[PDB]
Amino acid sequence: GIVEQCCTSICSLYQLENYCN
Amino acid sequence: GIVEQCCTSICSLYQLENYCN
Amino acid sequence: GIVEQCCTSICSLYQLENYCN
Amino acid sequence: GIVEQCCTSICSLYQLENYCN
Amino acid sequence: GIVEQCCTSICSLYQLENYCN
Amino acid sequence: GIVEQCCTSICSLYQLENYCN
Amino acid sequence: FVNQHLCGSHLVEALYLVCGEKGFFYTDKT
Amino acid sequence: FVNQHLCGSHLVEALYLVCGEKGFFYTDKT
Amino acid sequence: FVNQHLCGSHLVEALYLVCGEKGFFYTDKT
Amino acid sequence: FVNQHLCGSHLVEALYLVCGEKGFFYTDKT
Amino acid sequence: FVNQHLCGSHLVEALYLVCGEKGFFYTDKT
Amino acid sequence: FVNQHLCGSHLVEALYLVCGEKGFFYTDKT
Ligand SMILES: [Cl-]
Ligand SMILES: [Cl-]
Ligand SMILES: [Zn+2]
Ligand SMILES: [Zn+2]
């Protein structure tokens, strides 16, 4: 999930765009 | 939606809870 | 205090309401 | 209060310090 | 500057990138 | 740098003023 | 609770505070 | 420690900026 | 590590939302 | 320091930055 | 991306999200 | 752990408040 991927390691804008609708 | 109720106007707590999963 | 209670463990809205006036 | 001085108008730093414990 | 483009008006992503080092 | 000084230990307002232009 | 207009990130912020482990869905489509 | 609460507080704001009109579904469980 | 500064930064905002008109007294010492 | 209108959470945020270990009292009762 | 007026801290916040390791320069001198 | 990303997110806002009209140069490398 987003919380196991973007807390231990930083997520870029492109990585954060995956979880958008 | 959520903006027209809580941003255009003022929301209460139980109106906030209407958008929780 | 709030800082030894709501940093090590997360505090809910009801727990945060204790410290209000 | 604090809002009518720093939000309604603009506050300085030493006016900010007036609300510290 | 940055404010008159993104705060006075609306900026896009590639206009945001113009202020990165 | 600011990131090795103001993350491990907290920086005051005066310490943060060093990095301003 | 606060009685104001929440807008922008603030909106979601309160959704993060009120919902909690339940989660929330955020859609600003008018 | 790895405080997933404060971290999700930043993630939800970043998602509000990234998604925009699309919106997003957020759950603190995967 | 358990950075009580960044954590209190979130706590004070959450308290501003929760207390509302009542207000709150905050001290980083208990 | 910044010369603007601070409102909402921002208000308290600067109270968190300026006071520090002293602490602050926040009462928005007009 | 979001299509709104970013102002105040929000401005820099998005500069923190978009640039990344590149870094940014912030000058509000009109 | 010492998450320099979330910490820099707070640092850049604090710098926006402290510097004001002067501005600041921020780099996550020193
Ligand atoms: Cl705002
Ligand atoms: Cl954090
Ligand atoms: Zn704001
Ligand atoms: Zn944080």
# chains A, B, ... in the order shown; residues from 1 in each chain; ligands from 1
$ calpha_fit_rmsd --fixed "chain J" --moving "chain I"
5.6 Å
$ interface_residues --of "chain F" --to "chain L" --cutoff "6 Å" --atoms "only C-alpha atoms" --output "ChimeraX atom specification"
/F:1,20-21
$ write_last_selection --atoms "N, CA and C atoms" --output "mmCIF file, in the first residue's frame"
data_model
loop_
_atom_site.group_PDB
_atom_site.id
_atom_site.type_symbol
_atom_site.label_atom_id
_atom_site.label_comp_id
_atom_site.auth_asym_id
_atom_site.auth_seq_id
_atom_site.Cartn_x
_atom_site.Cartn_y
_atom_site.Cartn_z
ATOM 1 N N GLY F 1 25.080 21.502 6.760
ATOM 2 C CA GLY F 1 23.921 22.131 6.154
ATOM 3 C C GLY F 1 22.730 22.234 7.086
ATOM 4 N N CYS F 20 18.723 32.349 5.656
ATOM 5 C CA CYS F 20 18.001 33.321 4.852
ATOM 6 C C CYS F 20 18.977 34.148 4.018
ATOM 7 N N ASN F 21 18.459 34.718 2.935
ATOM 8 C CA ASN F 21 19.271 35.540 2.047
ATOM 9 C C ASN F 21 19.659 36.851 2.722
#
$ atom_distance --atom1 "CA of residue 10 (chain B)" --atom2 "CA of residue 10 (chain D)"
25.4 Å
$ select_by_dssp --residues "chain I" --states "helix (DSSP H, G or I)" --output "number ranges by chain"
I: 4-19
$ write_last_selection --atoms "C-alpha atoms" --output "compact mmCIF listing (two decimals), in the first residue's frame"
# COMPACT_ATOMS: atom_id res chain seq x y z
CA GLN I 4 8.89 15.58 19.72
CA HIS I 5 9.29 18.91 17.89
CA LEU I 6 7.84 17.81 14.54
CA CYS I 7 5.24 15.77 16.44
CA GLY I 8 4.14 18.74 18.54
CA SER I 9 3.89 20.72 15.30
CA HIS I 10 1.11 18.32 14.28
CA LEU I 11 -0.40 18.16 17.77
CA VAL I 12 -0.93 21.91 17.99
CA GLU I 13 -2.79 21.99 14.66
CA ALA I 14 -4.92 19.00 15.66
CA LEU I 15 -5.69 20.80 18.92
CA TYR I 16 -6.67 23.98 17.07
CA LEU I 17 -9.14 21.89 15.08
CA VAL I 18 -10.48 19.91 18.06
CA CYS I 19 -10.83 22.66 20.67
$ decode --residues "chain K" --atoms "N, CA and C atoms" --output "PDB file, in the first residue's frame"
ATOM      1  N   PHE K   1      -1.842  17.520 -11.862  1.00  0.00           N
ATOM      2  CA  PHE K   1      -1.508  18.387 -10.739  1.00  0.00           C
ATOM      3  C   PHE K   1      -2.680  19.302 -10.391  1.00  0.00           C
ATOM      4  N   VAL K   2      -2.637  19.887  -9.193  1.00  0.00           N
ATOM      5  CA  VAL K   2      -3.728  20.735  -8.725  1.00  0.00           C
ATOM      6  C   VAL K   2      -3.698  22.070  -9.459  1.00  0.00           C
ATOM      7  N   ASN K   3      -4.881  22.610  -9.746  1.00  0.00           N
ATOM      8  CA  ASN K   3      -5.042  23.854 -10.498  1.00  0.00           C
ATOM      9  C   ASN K   3      -5.757  24.855  -9.592  1.00  0.00           C
ATOM     10  N   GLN K   4      -4.983  25.570  -8.778  1.00  0.00           N
ATOM     11  CA  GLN K   4      -5.515  26.511  -7.800  1.00  0.00           C
ATOM     12  C   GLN K   4      -4.469  27.594  -7.557  1.00  0.00           C
ATOM     13  N   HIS K   5      -4.799  28.556  -6.699  1.00  0.00           N
ATOM     14  CA  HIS K   5      -3.827  29.526  -6.208  1.00  0.00           C
ATOM     15  C   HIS K   5      -3.154  28.941  -4.969  1.00  0.00           C
ATOM     16  N   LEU K   6      -1.859  28.649  -5.072  1.00  0.00           N
ATOM     17  CA  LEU K   6      -1.052  28.305  -3.908  1.00  0.00           C
ATOM     18  C   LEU K   6      -0.468  29.597  -3.351  1.00  0.00           C
ATOM     19  N   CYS K   7      -0.605  29.807  -2.045  1.00  0.00           N
ATOM     20  CA  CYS K   7      -0.025  30.996  -1.444  1.00  0.00           C
ATOM     21  C   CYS K   7       0.505  30.648  -0.062  1.00  0.00           C
ATOM     22  N   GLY K   8       1.349  31.532   0.462  1.00  0.00           N
ATOM     23  CA  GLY K   8       1.939  31.270   1.756  1.00  0.00           C
ATOM     24  C   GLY K   8       2.794  30.017   1.732  1.00  0.00           C
ATOM     25  N   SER K   9       2.872  29.361   2.896  1.00  0.00           N
ATOM     26  CA  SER K   9       3.682  28.153   3.045  1.00  0.00           C
ATOM     27  C   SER K   9       3.384  27.136   1.950  1.00  0.00           C
ATOM     28  N   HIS K  10       2.106  26.999   1.581  1.00  0.00           N
ATOM     29  CA  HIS K  10       1.698  26.066   0.531  1.00  0.00           C
ATOM     30  C   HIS K  10       2.603  26.170  -0.689  1.00  0.00           C
ATOM     31  N   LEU K  11       2.856  27.403  -1.148  1.00  0.00           N
ATOM     32  CA  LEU K  11       3.780  27.661  -2.247  1.00  0.00           C
ATOM     33  C   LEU K  11       5.043  26.822  -2.084  1.00  0.00           C
ATOM     34  N   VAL K  12       5.818  27.116  -1.034  1.00  0.00           N
ATOM     35  CA  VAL K  12       7.065  26.391  -0.788  1.00  0.00           C
ATOM     36  C   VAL K  12       6.807  24.896  -0.683  1.00  0.00           C
ATOM     37  N   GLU K  13       5.701  24.507  -0.039  1.00  0.00           N
ATOM     38  CA  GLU K  13       5.397  23.087   0.100  1.00  0.00           C
ATOM     39  C   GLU K  13       5.434  22.389  -1.253  1.00  0.00           C
ATOM     40  N   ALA K  14       4.817  22.992  -2.273  1.00  0.00           N
ATOM     41  CA  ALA K  14       4.804  22.333  -3.572  1.00  0.00           C
ATOM     42  C   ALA K  14       6.185  22.370  -4.212  1.00  0.00           C
ATOM     43  N   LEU K  15       6.940  23.447  -3.974  1.00  0.00           N
ATOM     44  CA  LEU K  15       8.344  23.462  -4.367  1.00  0.00           C
ATOM     45  C   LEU K  15       9.114  22.331  -3.705  1.00  0.00           C
ATOM     46  N   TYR K  16       8.720  21.938  -2.493  1.00  0.00           N
ATOM     47  CA  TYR K  16       9.371  20.796  -1.866  1.00  0.00           C
ATOM     48  C   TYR K  16       8.951  19.489  -2.525  1.00  0.00           C
ATOM     49  N   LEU K  17       7.730  19.433  -3.061  1.00  0.00           N
ATOM     50  CA  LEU K  17       7.229  18.189  -3.632  1.00  0.00           C
ATOM     51  C   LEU K  17       7.689  18.003  -5.074  1.00  0.00           C
ATOM     52  N   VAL K  18       7.754  19.088  -5.845  1.00  0.00           N
ATOM     53  CA  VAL K  18       8.045  18.971  -7.270  1.00  0.00           C
ATOM     54  C   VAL K  18       9.543  18.844  -7.515  1.00  0.00           C
ATOM     55  N   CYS K  19      10.341  19.732  -6.917  1.00  0.00           N
ATOM     56  CA  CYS K  19      11.778  19.736  -7.176  1.00  0.00           C
ATOM     57  C   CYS K  19      12.435  18.455  -6.666  1.00  0.00           C
ATOM     58  N   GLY K  20      12.428  18.255  -5.355  1.00  0.00           N
ATOM     59  CA  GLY K  20      13.025  17.062  -4.773  1.00  0.00           C
ATOM     60  C   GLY K  20      14.498  17.269  -4.483  1.00  0.00           C
ATOM     61  N   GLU K  21      15.325  16.309  -4.909  1.00  0.00           N
ATOM     62  CA  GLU K  21      16.763  16.404  -4.684  1.00  0.00           C
ATOM     63  C   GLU K  21      17.399  17.557  -5.446  1.00  0.00           C
ATOM     64  N   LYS K  22      16.719  18.090  -6.464  1.00  0.00           N
ATOM     65  CA  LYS K  22      17.260  19.229  -7.197  1.00  0.00           C
ATOM     66  C   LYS K  22      17.376  20.452  -6.300  1.00  0.00           C
ATOM     67  N   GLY K  23      16.382  20.678  -5.448  1.00  0.00           N
ATOM     68  CA  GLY K  23      16.321  21.873  -4.638  1.00  0.00           C
ATOM     69  C   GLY K  23      15.613  23.007  -5.353  1.00  0.00           C
ATOM     70  N   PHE K  24      15.368  24.077  -4.604  1.00  0.00           N
ATOM     71  CA  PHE K  24      14.671  25.225  -5.158  1.00  0.00           C
ATOM     72  C   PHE K  24      15.198  26.503  -4.525  1.00  0.00           C
ATOM     73  N   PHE K  25      14.957  27.615  -5.213  1.00  0.00           N
ATOM     74  CA  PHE K  25      15.223  28.947  -4.689  1.00  0.00           C
ATOM     75  C   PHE K  25      13.899  29.684  -4.550  1.00  0.00           C
ATOM     76  N   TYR K  26      13.687  30.304  -3.392  1.00  0.00           N
ATOM     77  CA  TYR K  26      12.423  30.956  -3.066  1.00  0.00           C
ATOM     78  C   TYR K  26      12.682  32.431  -2.798  1.00  0.00           C
ATOM     79  N   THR K  27      12.203  33.291  -3.696  1.00  0.00           N
ATOM     80  CA  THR K  27      12.339  34.738  -3.549  1.00  0.00           C
ATOM     81  C   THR K  27      11.005  35.376  -3.910  1.00  0.00           C
ATOM     82  N   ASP K  28      10.340  35.972  -2.921  1.00  0.00           N
ATOM     83  CA  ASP K  28       9.047  36.611  -3.124  1.00  0.00           C
ATOM     84  C   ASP K  28       9.163  38.106  -3.390  1.00  0.00           C
ATOM     85  N   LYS K  29      10.366  38.602  -3.673  1.00  0.00           N
ATOM     86  CA  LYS K  29      10.536  40.008  -4.013  1.00  0.00           C
ATOM     87  C   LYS K  29       9.849  40.307  -5.340  1.00  0.00           C
ATOM     88  N   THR K  30       8.802  41.125  -5.286  1.00  0.00           N
ATOM     89  CA  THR K  30       8.009  41.444  -6.469  1.00  0.00           C
ATOM     90  C   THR K  30       8.848  42.134  -7.539  1.00  0.00           C
TER      91      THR K  30
END
